[PDB]
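Here we start with a single chain on its own, the form deposited in one PDB entry, put down as structure tokens.
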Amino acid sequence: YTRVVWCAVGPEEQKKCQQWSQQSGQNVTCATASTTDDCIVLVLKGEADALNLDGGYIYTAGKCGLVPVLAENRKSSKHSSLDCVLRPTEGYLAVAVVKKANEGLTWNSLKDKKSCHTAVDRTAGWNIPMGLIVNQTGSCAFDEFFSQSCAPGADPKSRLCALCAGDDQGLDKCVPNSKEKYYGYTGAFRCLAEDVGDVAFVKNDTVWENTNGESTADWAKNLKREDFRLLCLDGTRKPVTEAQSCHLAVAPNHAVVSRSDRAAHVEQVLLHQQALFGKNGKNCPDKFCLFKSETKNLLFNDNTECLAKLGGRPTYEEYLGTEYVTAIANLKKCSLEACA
């Protein structure tokens, strides 16, 4: 009754969920699916209660009646007077990243190059960059723009999955979950870092969190921010320090969604759970931390300070914003459980 069933995407999130379940004393239980879309279906069926989603999926879930409940909030400089849970969200910056050594590569010479995407249907990894490319190109053949890519969620036989690597054994190539080596923010950046692709579509934070000794991960240990450059829409290339004047767009933060009829209950439980395992939670450092998973961003992004209330009880369209909503709609024109 007062119990919440979380939906984990893939085996790694499932294992973290199980630890959360155990430490929560069954207040939180786990359901697992192989893809985010499958988790959305479980929630619609009522077999799972909620999960944290990127804005691109919130659009999909929203057309099916699911609503945003609480949003990820990262530590910001401005609005320091208010508490995190009550602080308004600022959104993150979607950027296009390349290696400095790849001189001459600009936004205007991306055609026929190799790309790394977080996953199909995600904000920074797909919707924003492909939406821009389709317009500037006046063509819906976004599957023919880059020569090869790793875009988890696309046809494993297509060029859009040619660069994906699968798991340790080569299985699950291009699956849209953490089993795929180049999945998500971290995976797409790794795809660029190992020179598998020429450009990576991720967010500003990803670059900083995986460079200059911030990761300790084998592939990221020797990465330096100076060896990277951001591609601006004006054909320019800039240092990663200038993301505020060189990004593709500002994206709405990932947020927890649930069926409307379960929203109130999910919100209540989550607020109590973060008070216990959140950043300054009673048991985070010592026993369990909800927002930690060694740079793998499992269940929640690792840079999350807290889950914040929304204020203005927004619908999914108000949460995403008219700007972003129409962008997705237009891109979708090129392409139950598709509920609209």
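Note that residue numbering begins at 1 and tracks the sequence as displayed. We call the rigid core whatever largest set of C-alpha positions still superposes within 1.5 Å between the two forms.
- With each structure aligned by its rigid core, the stretch whose Cα atoms sit farther from this model in 9 other deposited structures of this protein, between 58-66 and 292-300, is 292-300.
- Once the rigid core is used to overlay the structures in 9 other deposited structures of this protein, the stretch among 70-78 and 160-168 whose CA atoms lie farther from this form is 70-78.
- Going from residue 335 to residue 336, the model skips 4 to 9 deposited residues, which lack coordinates.
- Relative to its counterpart among 258-266 and 179-187, 258-266 has the higher mean temperature factor, C-alpha atoms as listed in the PDB entry.
- The question of which stretch, 246-254 or 103-111, has the higher mean Cα B factor is settled in favour of 103-111.
- When the C-alpha B factors of 234, 167, 198, 72 are read from the deposited coordinates, the top value falls at 234.
- Of the candidates 138, 152, 125, 131, the one whose C-alpha carries the top B factor in the deposited record is 138.
- Among all modelled residues in this chain, the alpha-carbon of residue 309 has a temperature factor (C-alpha) in the middle third.
- When the CA B factors of the chain's modelled residues are split into thirds, the value for residue 323 lands in the highest one.
- Ranked within its chain, residue 65 lands in the middle third, by CA B factor from the PDB record.
- Among the modelled residues of its chain, residue 206 has a C-alpha B-factor that falls in the lowest third, as given in the PDB entry.
- Residue 340: CA B factor in the highest third of modelled residues in this chain (values from the PDB entry).
What comes next is about the form solved in complex with a partner chain, which does not appear here.
- For the three residues 209, 217 and 223, a heavy atom within 4.5 Å of its partner chain turns up in the bound PDB entry in no case.
- Under a 4.5 angstroms non-hydrogen atom cutoff, its partner chain in the bound PDB entry has residue 37 among its neighbouring residues.
- Looking at residue 60, you'd find a heavy atom of it within 4.5 angstroms of its partner chain in the bound PDB entry.
- Put simply, residue 41 is close to its partner chain in the bound PDB entry: some heavy atom of it is within 4.5 Å.
- When its partner chain is considered in the bound PDB entry, residue 64 lines it closely, a heavy atom lying within 4.5 Å.
- With the partner left out here, its partner chain still marks one of 307-315, 279-287, 294-302, 41-49 in the bound PDB entry; by a 4.5 Å heavy atom cut-off that stretch is 41-49.
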